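In what follows, a structure is listed as structure tokens, so that the remarks can point back to it.
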Number of protein chains: 4
Amino acid sequence: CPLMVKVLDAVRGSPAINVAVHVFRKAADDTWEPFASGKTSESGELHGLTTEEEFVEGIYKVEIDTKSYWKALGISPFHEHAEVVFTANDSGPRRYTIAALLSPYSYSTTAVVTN
Amino acid sequence: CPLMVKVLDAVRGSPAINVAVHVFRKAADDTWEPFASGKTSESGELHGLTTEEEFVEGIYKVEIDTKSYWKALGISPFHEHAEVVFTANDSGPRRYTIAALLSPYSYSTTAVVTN
Amino acid sequence: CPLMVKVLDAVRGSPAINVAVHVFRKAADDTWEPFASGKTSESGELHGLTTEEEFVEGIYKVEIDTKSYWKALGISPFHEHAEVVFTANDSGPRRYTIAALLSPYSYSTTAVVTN
Amino acid sequence: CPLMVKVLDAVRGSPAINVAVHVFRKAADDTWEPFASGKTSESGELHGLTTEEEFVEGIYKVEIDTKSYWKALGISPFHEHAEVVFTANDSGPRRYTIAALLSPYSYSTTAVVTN
């Protein structure tokens, strides 16, 4: 599991459950191609997106469907989604956690890169 | 104006208006002594807390009454307040903006320090 | 001035100066069309991107070039950029401030929307 | 484990390791009395602070020694510490995670309250 996504809800103080998350890899023509996707779990986590053999160096985008999450809660949001765009780099053994903290008009994202 | 406080509301995307702010300074005897207080304006800003002359070196605490803010709006929030504690003016006088961004279960705070 | 961008640096506690910002608008055909661009001032602010007349309804993306910012300062940061994507003016004209707070492995963004 | 603390470092994109954390409970005379403390682990987590039988309703402060953490890294920080102050409330079965994201001149804190 070299890539995990974790999302929290700053309004309810809970995991953000059932949030859709799409991953893309940047193709040699500069377009984004689908690479992995899933819905966060009851713990706000999304595991099993990819494997070490598949997750090669490259630029990746992680799109988190914040707008659908807020609307399912009856809450008016600002952003269409949150996008996290980064280069994966093979400088020794590494696991990437992309964490996001959601508010209707604000979000933060942080990368926890370990091992 | 060496000390300014700005507060935003991440749920509405708006300045957080009428937020009470109390500032204290640590005394010779380790007590927190009341230093200045005020409330944010329509722009979410609080100016005029103190002066260049009064704002001497010290350890200061800026306590932002986030609970009263969220309660007056029908939200029962997590935190009692947001406390920002810092040493000021230890290399001479500086101008400090203390910004806070508020959600019911979360806050961030940043300091902008200029000469 | 219906669209303003403000960027702060959480490592230094300072405005983030000379940050390039590109804005795009989603076209009829789903493409991101270049809309306006500029760079933050000494105060970390970018004004004058557009006008009331030009800033029509639409889905807009504000791409903040955080990587070039951190690189020019000797830091190799995590993210390629910070992208803020939102629907604007769908209930009539509003004024939008898009604020971002930058660290090498993390960013937050907030929107202040006023009438 | 009704109370857990998790700290991340936004500059290195890692867990914040060996950060001292002190917990206090507000006494009937309004002073803060020591209640629990520890150092975050290699995963930036601090478990085993208290038990359900000990963790009664009351106001608690969690003080995270951010200033020592930054100084051990050779990095100049703003805040003396980060303090998170909240009321623990027995509305059914609940676990409190206090998460903090640290930058030298900024931090965010969020409460994840579950079960």
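Labeling convention for the structure tokens: chains A, B, ... as they appear, residues from 1 per chain, ligands from 1 in order of appearance.
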Could you please tell me, as a ChimeraX atom specification, which residues of chain B have an atom within 7 Å of chain C when using only C-alpha atoms?
-> /B:10,13-14,110-113
Selected residues written out, C-alpha atoms, as a CSV table (one decimal), in the first residue's frame:
chain,number,residue,atom,x,y,z
B,10,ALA,CA,-14.6,28.3,7.4
B,13,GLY,CA,-16.6,31.8,4.2
B,14,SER,CA,-16.8,35.0,5.8
B,110,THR,CA,-0.9,31.7,11.7
B,111,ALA,CA,1.3,34.5,12.6
B,112,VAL,CA,2.5,37.2,10.1
B,113,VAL,CA,5.4,39.0,11.7
Near residue 63 in chain C, counting only C-alpha atoms, which residues have an atom at most 6 Å away, once you skip same-chain residues fewer than 4 positions from it, shown as a list in words?
->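 In the requested form, the answer reads residues 21, 22, 82 and 83 of chain C.
Within the 12 Å cut-off around residue 26 in chain C, using only C-alpha atoms and omitting residues fewer than 2 positions from it on the same chain, the listed residues are residues 23, 24, 28, 29, 30, 31, 32, 33, 34, 35, 56, 57, 58, 59, 60, 61, 62, 85, 86, 87 and 88 of chain C.
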Given only C-alpha atoms as the counted atoms, nearest of B:69, B:64, B:4, B:17 to residue 98 in chain B =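 The answer is B:4, which sits nearest to residue 98 in chain B.
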What does the distance from CA of residue 104 in chain D to CA of residue 99 in chain B come to in Å, to one decimal?
-> 14.4 Å
